[PDB]
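Okay, so here's the structure we're looking at.
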Amino acid sequence: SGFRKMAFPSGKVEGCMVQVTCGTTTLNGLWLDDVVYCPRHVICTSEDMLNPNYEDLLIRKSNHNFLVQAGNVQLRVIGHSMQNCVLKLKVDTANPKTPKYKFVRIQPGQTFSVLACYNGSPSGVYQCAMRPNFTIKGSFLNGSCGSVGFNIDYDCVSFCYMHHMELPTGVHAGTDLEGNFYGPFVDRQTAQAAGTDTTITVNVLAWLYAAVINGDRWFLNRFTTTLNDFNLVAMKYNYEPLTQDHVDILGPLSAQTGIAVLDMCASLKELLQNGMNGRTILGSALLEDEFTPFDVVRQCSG
Amino acid sequence: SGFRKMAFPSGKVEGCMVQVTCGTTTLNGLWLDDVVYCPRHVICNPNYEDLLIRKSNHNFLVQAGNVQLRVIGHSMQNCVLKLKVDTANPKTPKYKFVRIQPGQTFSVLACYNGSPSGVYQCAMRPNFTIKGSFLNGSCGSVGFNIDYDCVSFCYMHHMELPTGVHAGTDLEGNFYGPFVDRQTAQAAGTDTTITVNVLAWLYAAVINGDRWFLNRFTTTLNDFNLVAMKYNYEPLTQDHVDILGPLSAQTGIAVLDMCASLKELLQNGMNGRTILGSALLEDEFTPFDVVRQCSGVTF
Ligand SMILES: C[C@@H]1CCN(S(=O)(=O)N2Cc3ccc(Cl)cc3[C@H](C(=O)Nc3cncc4ccccc34)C2)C1
Ligand SMILES: C[C@@H]1CCN(S(=O)(=O)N2Cc3ccc(Cl)cc3[C@H](C(=O)Nc3cncc4ccccc34)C2)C1
Ligand SMILES: [Cl-]
């Protein structure tokens, strides 16, 4: 029993965190085999950030301009290349602690663990989600750039996020491990702002199924709804549209609890209308959207 | 910016998790140097001295990854079984066994069959239970804090109570709370809110740019405690006020000034507003957790 926002054990990722320094800038790198991956803005000054020409700034650098530190050991840089918004530093030592891994690009609504680091040293681990507006509501300070997001289903670490920047509203933007940004963001200090955020509907529904599994049914009603009527209502509360794919994905939880997806949708419709009236659901007074259908099955069942 | 329920990096603890089997019961063990620590109920009104005397070393099957550790001795300390093994754990970190007080927080590495599955942050409730997330097979999972490079082990999971909350011991086998390790009628006492922790989280909200709850008012410590007793909040002591000093100086809001804001939130609610994305007053961040997360302390 119990339901917690649970992160993956961070050990496999801790053994990859290094510090990368170029001139006055110091940030985090991910050391996998003989390559260190880090945000390409490590080659920029604060001035450069307005309109940086990364190809021009990079061509002026040599291998010895990049200082890479793994614990108390300096790694030697023997090559460098840029792939989108990530700098790849070839080093002379393969990481002996390299876990089994994959680089995966996630979609909005997907969750992952973040190992927040400063000066190549891990300070904490937390669970979060890729928001529909492609930002993440993280907890990051100056120097956290290069911290990574991941999942560890089985013994394979799937790296899905690398931290690059903090937006004006305090939310965060970054790339997959191939350097492609999530969202319409650029690694440039420009007037860019997060789009209006919405609630991840399929995730709230999954969390309502988690409450049922844990013994809570107070929010259920005798009603059902069509998918289209549900979407017309949910859109008015800034909820993401629920697609047929979402309904399919919720099938296992629907079968385990005996509550049809569209009957759970009717309960969500009523919660949006009435609020909770002094009650909580799994210890929360708000509708939680940072647990996917997959996370619910993983935690409530094993 | 941002404020998350953050756990310590679990790596130093992952390298210590093993699977312990005795007969039909399988649970988790903590392998430090040449000893494996685990709940004594793995041998299971039980007379533990009588159940233990009937066991030999080879009755305990200890597995570290894909390797079997041979048990060469066994002894009991309170509600923890200590299994002497032939091999010292080469991944043993620098560590201490510490007993925590209610209100203190820690990270839990939840394991099943000696394999870590997740990490989460939680607090020792004033009623000595923890609101964790555990299933059958989670027994022996541990709670810890990291200070510098030293892992301070403070909790070992033993059981779930009827309300879905959890009970366990420190690493010396002494239970937190009036609980015993057996199938008997047990229940968590009436819980209270950790006041010093809510105040710390209110200081964290001010640091992150949320000030709607601040007011021009102050209060005496005694008047605040009279209001706190009415709302099932733990009494705030002068020690709590001292501990909140750094956060008070960083934000320019006196502790009793922040107490007056808390008094108003308890008496009137949040009125459709949230604080750090929460419609409830959060009490599982200590003053030290707030300073550490708003400063970036690394391990
Ligand atoms: C919120 C401030 C406002 C201006 N900057 S900054 O620190 O000068 N800045 C600009 C900038 C622009 C583009 C890119 Cl790709 C990176 C960056 C850097 C950045 O975003 N780094 C940070 C990443 N995460 C949390 C941060 C928290 C507090 C500071 C900085 C953080 C540096 C951010
Ligand atoms: C809540 C159930 C009700 C009955 N039992 S049990 O599973 O039969 N049971 C008896 C028992 C008695 C004394 C001690 Cl010290 C430990 C235990 C065990 C226990 O508490 N283990 C669990 C620990 N955490 C989460 C668990 C989740 C689901 C099952 C079990 C869990 C097993 C607990
Ligand atoms: Cl995805």
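Derivation of every value follows stated rules applied to the coordinates shown; laboratory data play no part.
Express the relative contact order of chain A as a whole percentage, based on alpha carbon pairs under 8 Å and six or more residues apart in sequence. It comes to 17 percent, rounded to a whole number. With a ≥ b ≥ c the root eigenvalues of the C-alpha gyration tensor of the protein assembly as shown, is it rounded (a/c under 1.5), prolate (a/b larger than b/c) or oblate? Verdict is rounded for the protein assembly as shown. For B:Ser117, the residues whose amide H sits under 5 Å from its own are B:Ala110, B:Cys111, B:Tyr112, ignoring neighbours fewer than 5 places away on the same chain, with H placed 1.01 Å from N.
Computed over chain A with a Gaussian network model linking Cα atoms closer than 10 Å, the most mobile of A:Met162, A:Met276, A:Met82 is A:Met276.
Pick from A:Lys88, A:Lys61, A:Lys269: which residue has the top mean-square fluctuation in a GNM of chain A where Cα pairs under 10 Å get a spring? So, out of A:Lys88, A:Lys61, A:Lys269, the one fluctuating most is A:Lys61. Using the rule -39500 (n - 2.57) for each DSSP H run of four or more residues, divided by the residues of chain A, the 222 nm mean residue ellipticity is -6000 deg cm²/dmol. Under 16 Å of direct C-alpha separation, and excluding same-chain neighbours fewer than eight residues apart, A:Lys97 reaches these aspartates and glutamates: A:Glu14, A:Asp33, A:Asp34, A:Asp155, B:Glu14. Straight Cα distances below 21 angstrom link A:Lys236 to the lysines A:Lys269, with same-chain residues fewer than 8 positions distant left out.
Karplus-derived 3J(HN,Hα) values for the range A:159-175, using 6.51 cos²θ - 1.76 cosθ + 1.60 with θ = phi - 60°, are 6, 10, 8, 10, 5, 10, 7, 9, 7, x, 7, x, 8, 10, 10, x, 10 Hz; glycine and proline are entered as x. Of the residues A:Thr45, A:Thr198, A:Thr169, which exhibits the maximal mean-square fluctuation in a Gaussian network model of chain A defined by a 10 Å Cα contact cut-off? Among A:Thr45, A:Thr198, A:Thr169, the largest GNM mean-square fluctuation belongs to A:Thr169. For the range B:127-141, backbone phi angles converted through the Karplus equation (6.51, -1.76, 1.60; θ = phi - 60°) give residue-by-residue couplings of 8, 6, 9, 10, 8, x, 9, 9, 10, 4, x, 6, 3, x, 5 Hz, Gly and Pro being listed as x.
Straight distance only, please: which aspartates and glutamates reach the Cα of B:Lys131 with their own Cα at less than 15 Å, same-chain residues fewer than 8 apart left out? Once the sequence-local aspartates and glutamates are set aside, what remains near B:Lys131 is B:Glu160, B:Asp191, B:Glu282, B:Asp283, B:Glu284.
In this structure, the residue pairs whose Cα-Cα separation is over 30 Å, taken from A:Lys137/B:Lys94; A:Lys88/B:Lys96; B:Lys5/B:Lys230; A:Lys5/A:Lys102; A:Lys102/B:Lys94; A:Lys5/B:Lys82, are A:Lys137/B:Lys94; A:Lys88/B:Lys96; A:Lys102/B:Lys94; A:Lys5/B:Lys82. Using θ = phi - 60° in the Karplus curve 6.51 cos²θ - 1.76 cosθ + 1.60, the 3J(HN,Hα) couplings for the range A:182-195 round to 8, x, x, 8, 10, 7, 7, 6, 10, 6, 10, 9, 5, x Hz; x is entered for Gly and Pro.
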